[PDB]
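Below is one structure, written out as structure tokens, with a few remarks after it.
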Amino acid sequence: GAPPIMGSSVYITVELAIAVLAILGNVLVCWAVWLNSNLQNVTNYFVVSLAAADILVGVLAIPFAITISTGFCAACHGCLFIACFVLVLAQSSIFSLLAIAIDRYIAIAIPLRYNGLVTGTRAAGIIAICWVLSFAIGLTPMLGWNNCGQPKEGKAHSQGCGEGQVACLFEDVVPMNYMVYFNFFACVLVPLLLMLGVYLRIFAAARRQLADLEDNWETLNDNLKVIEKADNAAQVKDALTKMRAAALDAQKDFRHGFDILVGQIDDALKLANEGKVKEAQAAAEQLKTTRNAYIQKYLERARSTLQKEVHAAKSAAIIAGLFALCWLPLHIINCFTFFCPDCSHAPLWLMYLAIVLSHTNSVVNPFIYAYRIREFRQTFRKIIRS
Ligand SMILES: Cc1c(C#N)cccc1-c1cc(-c2cn(Cc3cccc(C(C)(C)O)n3)nn2)nc(N)n1
Ligand SMILES: CC(C)CCC[C@@H](C)[C@H]1CC[C@H]2[C@@H]3CC=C4C[C@@H](O)CC[C@]4(C)[C@H]3CC[C@]12C
Ligand SMILES: CC(C)CCC[C@@H](C)[C@H]1CC[C@H]2[C@@H]3CC=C4C[C@@H](O)CC[C@]4(C)[C@H]3CC[C@]12C
Ligand SMILES: CC(C)CCC[C@@H](C)[C@H]1CC[C@H]2[C@@H]3CC=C4C[C@@H](O)CC[C@]4(C)[C@H]3CC[C@]12C
Ligand SMILES: CC(C)CCC[C@@H](C)[C@H]1CC[C@H]2[C@@H]3CC=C4C[C@@H](O)CC[C@]4(C)[C@H]3CC[C@]12C
Ligand SMILES: CCCCCCCC/C=C\CCCCCCCC(=O)OC[C@H](O)CO
Ligand SMILES: CCCCCCCC/C=C\CCCCCCCC(=O)OC[C@H](O)CO
Ligand SMILES: CCCCCCCC/C=C/CCCCCCCC(=O)O
Ligand SMILES: CCCCCCCC/C=C\CCCCCCCC(=O)O
Ligand code: NA
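Once you know that position 276 of the sequence shown is 675 in our numbering, the rest is easy, because the numbers rise by one and skip nothing.
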């Protein structure tokens, strides 16, 4: 049994290193959003709320975790607060991650009404509401779902604790049925699964819209070929009518290009209906000039916008997946403790790895933004250089 202060020194030193990096990186995120108006959008207000939670992991939750690792004597309800505050920050993170996913889904699924639906003032209200709900969820043990009514008196007496005091240890004061059924299953697992469903819908919507763009492009070029090798006016008419409905479907300098295109289709359709096949086919050949000068530029720009949305949704999904990767080990350990009382408790070294891993999640987001979002990376460079 090596002196506890030795392994404690390693744990504390690692925690302090994580706290420093979590503060510095997420302050940099908040500084970047404040300074750059290209970063001031609803999506990034949730990013800032998420960075604020991670700053508070460094400033408060990590000091609280160090404190409660000592088992020091404390009034049980005071011990509850330092045990549970991190649950508020994790819950706020969950709400921010879910909001980011939903925001990106609205942007990809109804972009025409996004800006009118998703506003900065509405985002700020949602963030306020989510922080209040995070306090209610994370501090629910302080409302009475706690073990303060059944203190471990032998542990308190062995440490010289005063009257009404307990040895302040997370698993002695926070009930494990709360941690497993309420916190993990209901408040963490269900929102993460909802996030997964939203991201699946985002990527499926992007895939469908890109396919729809390519289908309309092929229909345009296919029907032009049909007109060229048509042998009567009715065949020309058939292909032009299919082109006209498709042109309006793709319309839902951009406006000018489609105005020319639909007009040139109408010109050829009128000639077709007069039985002037050769003249209609010549009129339809003009469509190619409009296709090259206008329509192809719209196709490429629409594709480029969708691909950027896919890239941004992947970046956001990486953040959500890394949250799950960092927090799941601690939750899984709690499940073993709760569901398997015949199993030996996870060993002390694994406890400290799982706790430290959950704290490292507050370090990682600034790096994801830097490596994946040019506007962040460039703003980070300007802040650091200056
Ligand atoms: C909070 C949380 C969330 C959230 N939010 C989500 C899932 C799980 C947990 C969580 C957290 C902690 C815990 C313990 N400590 C202090 C500490 C540090 C080092 C060593 C020790 C020992 C020696 C074991 O007493 N104790 N900090 N967090 N313990 C447990 N079972 N679950
Ligand atoms: C906005 C920031 C500065 C507020 C930070 C306040 C923190 C550090 C304060 C607020 C409430 C405090 C706790 C309230 C009660 C107790 C019970 C006592 O037996 C031991 C200390 C302990 C556990 C306190 C530790 C410090 C504490 C967590
Ligand atoms: C920004 C301002 C409002 C600071 C926020 C105040 C918070 C940190 C303070 C105010 C009231 C405090 C609680 C007041 C009463 C008790 C009961 C006591 O047995 C232990 C501490 C405990 C459980 C305190 C925990 C921390 C607490 C919730
Ligand atoms: C999210 C990804 C990384 C999966 C994480 C898997 C981790 C958390 C799993 C894998 C194997 C698991 C261990 C397997 C067996 C035991 C023995 C038991 O007496 C206590 C729990 C303990 C020690 C488990 C703790 C959790 C554990 C370490
Ligand atoms: C989609 C995924 C990440 C959902 C989370 C998986 C969790 C809920 C699963 C994965 C492995 C599971 C554990 C595997 C083994 C045991 C040992 C048994 O004696 C009691 C239940 C217990 C402790 C399980 C509890 C639930 C568990 C922790
Ligand atoms: C880079 C930063 C430099 C930092 C410099 C060194 C950091 C650590 C110093 C002293 C540790 C004292 C720890 C306080 C007491 C620990 C209690 C303990 O070991 O846990 C027992 C409890 O009962 C659970 O079972
Ligand atoms: C915006 C925020 C700026 C900074 C805010 C401050 C940062 C937190 C520092 C330490 C937390 C740990 C505090 C708990 C210390 C407990 C020691 C203690 O009370 O021991 C005496 C005896 O155990 C009782 O009977
Ligand atoms: C775990 C406890 C959960 C608390 C349940 C109670 C829910 C209270 C909050 C509900 C969200 C409603 C927000 C309404 C604010 C006003 C919005 C508006 O004026 O348009
Ligand atoms: C920028 C603000 C950051 C706050 C700095 C706080 C850093 C201090 C870290 C941990 C405090 C640990 C308290 C130890 C508990 C007492 C031990 C005992 O009584 O046995
Ligand atoms: Na977080």
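Just so you know, even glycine gets a beta-carbon here, dropped at the ideal spot from N, CA and C.
Contact between the segment 518-527 and the segment 551-567 is not established, with fewer than three Cβ pairs separated by less than 8 Å.
In the DSSP assignment, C472 forms a beta bridge with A566. In terms of Cβ geometry, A500 and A649 do not form a close pair [threshold 9 Å]. Here DSSP, grouped into helix, strand and coil, assigns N443 to helix. Taking C-beta separations shorter than 8 Å and ignoring five residues to either side along the sequence, the partners of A701 in its chain run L612, following chain order.
The Cβ neighbour count for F653, taken over all protein chains shown within 10 Å, is under 16; the residue is labelled exposed. Contact between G537 and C483 holds, with the beta-carbon distance rounding to 6 Å and staying under 8 Å. In this structure, the straight-line span from the alpha carbon of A603 to that of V587 is close to 24 Å. Counting only runs of 4 or more residues that sit fully inside the segment 576-659, the alpha helix (DSSP H) segments are 589-627, 632-650, in chain order. Taken through DSSP and simplified to helix, strand or coil, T688 comes out as helix. Sequence-distant partners of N443 (beyond 5 residues in either direction) whose C-beta falls short of 6 Å from its own C-beta, in its chain, are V432. The three-state secondary structure of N733, taken from DSSP, is helix. Residue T640 holds the alpha-carbon nearest to the alpha-carbon of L660 among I493, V676, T640.
Within a 10 Å sphere around the beta-carbon of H744 sit fewer than 16 other beta-carbons, which makes this residue exposed. In the three-state DSSP reduction, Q549 falls in the coil class, being neither helix nor strand.
Within the same chain, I481, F484, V485 come within 7 Å of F463 by CB-CB distance, once the 5 residues on both sides are set aside.
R773 counts as exposed, since fewer than 16 other C-beta atoms from the protein chains shown sit within 10 angstroms of its C-beta.
The three-state secondary structure of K669, taken from DSSP, is helix.
The segment 410-425 makes contact with the segment 764-771; the number of CB pairs closer than 8 Å reaches 3 or more.
Comparing C-alpha distances from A421 to each of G656, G457, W430, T518 shows the shortest one belongs to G457.
The set of residues whose C-beta lies within less than 7 Å of a heavy atom of ligand 7 reads, in chain order, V458, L459, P462, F463, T466, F471, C472, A473, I481, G561, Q564. Contact between the segment 470-477 and the segment 532-550 is established, with three or more Cβ pairs separated by less than 8 Å.
By the Cβ-count criterion, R690 is buried, with 16 or more other Cβ atoms from all chains shown falling within 10 Å of its own Cβ. Remark: C-beta atoms of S407 and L449 do not approach each other more closely than 9 Å. With a threshold of 8 Å, the Cβ atom of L449 does not count as near ligand 1, since no heavy atom of the ligand is closer than that.
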